[PDB]
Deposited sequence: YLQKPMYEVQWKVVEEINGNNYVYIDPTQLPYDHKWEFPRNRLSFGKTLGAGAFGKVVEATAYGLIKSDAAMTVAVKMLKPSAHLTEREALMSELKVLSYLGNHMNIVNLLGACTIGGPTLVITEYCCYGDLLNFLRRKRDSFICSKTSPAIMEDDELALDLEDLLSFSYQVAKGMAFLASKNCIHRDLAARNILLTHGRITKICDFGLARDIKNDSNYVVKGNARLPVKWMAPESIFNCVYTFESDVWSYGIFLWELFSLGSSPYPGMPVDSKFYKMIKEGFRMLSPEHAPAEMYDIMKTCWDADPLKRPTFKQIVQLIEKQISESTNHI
């Protein structure tokens, strides 16, 4: 049974005075919200200031978005700390609109990182592959953690993975801080704009999100990861024929640089039967083995 975010607690140990925040550049924004870099004085050590990210709503937000941001705060507090998630550091729930303070990741999102690597010899090939295997491993570990907490991400994709010091990757969710109106990867399906090319068939046709639909999305993520940031199903618009092709079982081919075993993981993530897809804990063990064998590769 997946978590109901509205029925999680909020611990005032997270409370931080908003006047100790100094806001900087906007890191992302959508219609109703934004994430902004900031300096937080005294957040961790009383005499130290540190860089954080702050998610907040815009004045155009309604009750639904206000409740959504408080629910996000509650989820982040409930999840606790994991190396491969963006971690909560504090919050401002009094003295003004809700502010949610998290870690700042210094290299931006993985999608942009990948697309520069492709807008660019076997040694470089090999080193890039070492990084990509690491990224696949870290994301699977962060997702296994989310699943262990009965949490569903619902929008896993390279654009929702951040890179920071040490080439550590952290899963995030820009959510309301993304301009999905102007992001072609989000397409109108009924009443909402959804990332359909990342979504499992049961999510598309039944609006059902599960542990297993997150795994499907992880498979698409692996494909963009080893395609250096290409959009999935290249050349195909999301329309009537795309839905039928997915129902009949058509799938993307392997990326040209994906290792054979990473392609096999992709394929199993895209099984039409959710019960046949691997779990994230199973994926972690499979990638661990590939990394372990990669020290045997020259």
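In sequence order, the deposited residues that have no C-alpha coordinates form the ranges 1-22, 143-153.
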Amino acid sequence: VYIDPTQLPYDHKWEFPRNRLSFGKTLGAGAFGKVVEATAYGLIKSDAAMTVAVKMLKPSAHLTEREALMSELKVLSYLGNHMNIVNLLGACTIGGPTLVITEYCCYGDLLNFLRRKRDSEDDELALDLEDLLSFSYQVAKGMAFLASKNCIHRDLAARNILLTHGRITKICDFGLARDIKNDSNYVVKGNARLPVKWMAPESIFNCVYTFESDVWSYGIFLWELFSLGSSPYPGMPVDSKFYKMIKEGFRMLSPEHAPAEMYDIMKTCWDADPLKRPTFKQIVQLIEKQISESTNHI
From here on, numbers count along this sequence of modelled residues.
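Of the two segments examined, 237-245 and 54-62, it is 237-245 that shows the higher average Cα temperature factor in the deposited entry.
Across the two stretches, 82-90 and 193-201, the PDB entry reports the greater mean Cα temperature factor for 193-201. Highest CA B-factor among 174, 211, 218, 186, as stated in the entry: 186. Of the candidates 272, 252, 260, 38, it is 272 whose Cα B-factor is highest according to the PDB record. Among all modelled residues in this chain, the alpha-carbon of residue 179 has a temperature factor (C-alpha) in the highest third. Annotation for residue 133: CA B-factor lies in the lowest third of the chain's modelled residues. For residue 164, the recorded CA B-factor ranks within the lowest third of the chain. Only modelled residues enter the ranking.
In this PDB entry, the Cα temperature factor of residue 74 sits in the bottom third of its chain's modelled residues, the lowest group. In this PDB entry, the Cα temperature factor of residue 141 sits in the bottom third of its chain's modelled residues, the lowest group.
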